[PDB]
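**Q** Once you've had a glance at the structure underneath, I'll fire off some questions.
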Amino acid sequence: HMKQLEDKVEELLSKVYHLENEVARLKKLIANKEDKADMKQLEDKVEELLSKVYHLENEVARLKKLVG
Amino acid sequence: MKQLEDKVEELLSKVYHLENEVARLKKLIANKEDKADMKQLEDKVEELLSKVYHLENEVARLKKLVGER
Amino acid sequence: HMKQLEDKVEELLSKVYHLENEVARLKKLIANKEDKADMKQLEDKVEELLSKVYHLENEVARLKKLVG
């Protein structure tokens with residue numbers, strides 16, 4: 000019985016060792032993923048571009064009328 | 001001895017839970033945006049900023065030439 | 000025999016505590032990373048901008064010629 004329990008503890012130690020290795024790998028993977036906190040600057044640039052392009056399109060339509 | 005047994009029982013439970021949790025986290029990580037992909041998106045946007053700046057300058061000049069406010 | 004088993008149970012308790020803490024931390028870190036599914040609207044805007052800007056460039060070239 001004592002042997003059997005010691006064997007179970009050894010098996011669990013081995014499982015925990017494997018999980019530690021897996022967690023180490025996941026830490027590396029997550030470090031190469033984009034943070035939500037870094038999204039906003041890009042989002043703002045895109046929103047500004049959309050506004051600027053809308054204005055340009057409106058101006059170009061007006062110029063086409065006048066030139067033609 | 002039974003105390004030791006009960007301790008291993010509770011540790012066993014914790015380990016099974018951690019196995020499940022780590023499996024779930026592995027899946028969540030796979031669904032996240034890569035920094036490398038973000039960088040390429042940022043590069044496109046930087047090019048767009050330059051092109052739009054130029055267009056704005058060209059359109060301002062055209063407006064002047066046709067007498068448009 | 001008993002002393003050895005206790006030392007391994009103690010070892011396992013400590014390693015599990017360590018693993019639990021780092022998994023809890025990883026969970027929160029992962030939650031702060033951007034999901035690919037939440038990128039699609041931004042990606043579509045950038046694609047739309049590429050097209051709109053290319054079109055504007057062609058229109059503006061044509062206007063510059065016609066205006067003189």
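Residue numbers (the entry's author numbering), protein chains in the order written: chain B, 0 to 67; chain C, 1 to 69; chain A, 0 to 67.
Even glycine gets a Cβ: it sits at the ideal position worked out from N, Cα and C.
(1) Could one say the Cβ of residue 34 (chain A) lies closer than 7 angstroms to chain D's Cβ atoms, at least one of them?
(2) Quick one: Cα of residue 49 (chain B) to Cα of residue 44 (chain A), how far?
(3) If you measure from the beta carbon of residue 62 (chain B) to each beta carbon in chain A, is any gap under 7 angstroms?
(4) I want to see whether chain B comes within less than 7 angstroms of residue 10 (chain C), judged by CB atoms only; does it?
(5) Would you tell me roughly how many angstroms separate the C-alpha atoms of residue 19 (chain C) and residue 13 (chain A), rounded to the nearest one?
(6) Any C-beta of chain C sitting closer than 7 angstroms to the C-beta of residue 48 (chain A)?
(7) What are the boundary residues of the alpha helix (DSSP H) that residue 30 (chain A) is part of?
(8) Among residues of its own chain, excluding the 5 on either side of residue 35 (chain C), which ones have a beta-carbon nearer than 7 angstroms to its beta-carbon?
(9) Please report the distance separating the alpha-carbon of residue 54 (chain A) from that of residue 61 (chain A).
(10) Taking C-beta pairs closer than 8 angstroms, name the residues in chain A that residue 56 (chain C) reaches, listed in chain order.
(11) Provide the residue(s) that pair with residue 34 (chain A) in DSSP beta bridges, ordered along the chain.
(12) Give the DSSP-derived three-state secondary structure of residue 47 (chain C) in the structure shown.
**A** In short:
(1) No chain D appears in this structure, whose protein chains are B, C and A.
(2) 8 angstroms
(3) yes
(4) no
(5) 17 angstroms
(6) yes
(7) 1-30
(8) The beta carbon of residue 35 (chain C) is closer than 7 angstroms to none in its chain, skipping five residues each way along the sequence.
(9) 11 angstroms
(10) None at all; the shortest Cβ gap to chain A is about 10 angstroms.
(11) C:32
(12) helix
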